[PDB]
Amino acid sequence: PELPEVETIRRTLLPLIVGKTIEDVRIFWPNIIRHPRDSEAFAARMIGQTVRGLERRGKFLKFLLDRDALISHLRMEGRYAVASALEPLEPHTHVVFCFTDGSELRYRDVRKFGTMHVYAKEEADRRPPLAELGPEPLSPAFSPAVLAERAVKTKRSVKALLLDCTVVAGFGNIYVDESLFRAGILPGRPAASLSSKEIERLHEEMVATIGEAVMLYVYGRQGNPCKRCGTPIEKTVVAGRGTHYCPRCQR
DNA sequence: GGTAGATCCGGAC
DNA sequence: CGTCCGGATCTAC
Ligand SMILES: [Zn+2]
């Protein structure tokens, strides 16, 4: 899921697990667990902790417990569900947190691609994967001035810049293509080639696109007419990713 | 120290 | 049906 979907998950999941105490943690694909390296240690440390909150940073969910934070990334296909311990698990369930009330928080992923890290709460923000995360795209800390500073110091494309999690947190491939289209900027443009007016227009569209979705012009629309000018949308590879643009609207 | 390339994964061509 | 593809490391020029 993208950042707006992660925010929805954070909002809806919290009341379903807040105040529940972990009684067991079952791990069916150990590779999901990244810290501690031993999944038996990951399971053992969670037991007896109560869920106190749920925050989001970028596309990461941070489950706040008594002493620990569990930091979770779903990638494209991960999903959480809260359900009864009496019912059969859905396919591709890799990690289950069993609560003392007979309910469970279940993690499901066909692609087996998500990650989980557990640290003492106070350590979480200074260790992987949160450690070098950039500002929230909807926060004042992400300003056109911060964006200009990163753009001018790199040789990379503007698309590669926006994909960099140290520049802005959790801004997905879909939103990068959509924001660049709305801003009228080609995704292959060197980031340092952007004018001051382009930078602020880009920031503005980034904030609008992501802000709208939390409260498509190009992505996946290749070979189809641009909704603004009727030019067929093109697809290319930029920064190793599928990249969608209108070659007339974007410059 | 910036940055491309390697790495993980399975459903879909 | 070997290869393609997302995000965010981690590795190593
Ligand atoms: Zn157009």
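Computation of the quantities below employed the complete heavy-atom set of this structure, encompassing side-chain atoms and omitting hydrogens, waters and symmetry-equivalent molecules. Throughout, protein chains are lettered first and strands after them, A, B, ... in sequence-line order, and every chain is numbered starting at 1.
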Tell me, please, which residues at least two apart from A:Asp164 pass side chain to side chain donor-acceptor pair (under 3.5 Å).
A:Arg156, A:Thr166

Tell me every residue that passes side chain to side chain contact (heavy atoms under 4.5 Å, CB included) with A:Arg127, counting only those two or more places apart in sequence or in another chain.
A:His35, A:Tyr119, A:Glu123

Under 3.5 Å, N/O pairs linking protein and nucleotides 11-13 of chain B:
| unit_1 | atom_1 | unit_2 | atom_2 | d |
| --- | --- | --- | --- | --- |
| B:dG11 | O4' | A:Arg111 | NH1 | 2.9 |
| B:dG11 | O4' | A:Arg111 | NH2 | 3.2 |

A:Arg241: what forms a side chain to side chain donor-acceptor pair (under 3.5 Å) with it, not counting sequence neighbours?
none

Contacts of A:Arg248 that satisfy salt bridge (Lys or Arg N to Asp or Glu O under 4.0 Å) - sequence neighbours left out:
none

Name the pairs: protein N/O against N/O of nucleotides 9-13 of chain C, kept only if under 3.5 Å.
| unit_1 | atom_1 | unit_2 | atom_2 | d |
| --- | --- | --- | --- | --- |
| C:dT9 | OP2 | A:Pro129 | O | 3.1 |

Under a 4.0 Å heavy-atom cutoff, the residues of residues 172-182 of chain A touching DNA chain C are A:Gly172, A:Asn173

In dot-bracket form, how is DNA chain B paired, counting a Watson-Crick or G-U wobble pair only if both its distances are under 3.5 Å and using | for bases paired to another strand?
..||||||||||.

Side chain to side chain donor-acceptor pair (under 3.5 Å) with A:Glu205: which residues, sequence neighbours excluded?
A:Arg182, A:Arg201

Restricting to nitrogen or oxygen on both sides, can you table the protein-nucleotides 5-7 of chain B pairs closer than 3.5 Å?
none

Partners of A:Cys98 by side chain to side chain contact (heavy atoms under 4.5 Å, CB included), sequence neighbours excluded?
A:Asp24, A:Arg26, A:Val96, A:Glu104

Return the set of residues passing ring-ring contact (aromatic ring centres under 6.0 Å, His included) with A:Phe142 (not counting sequence neighbours), or none when no residue passes.
A:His203

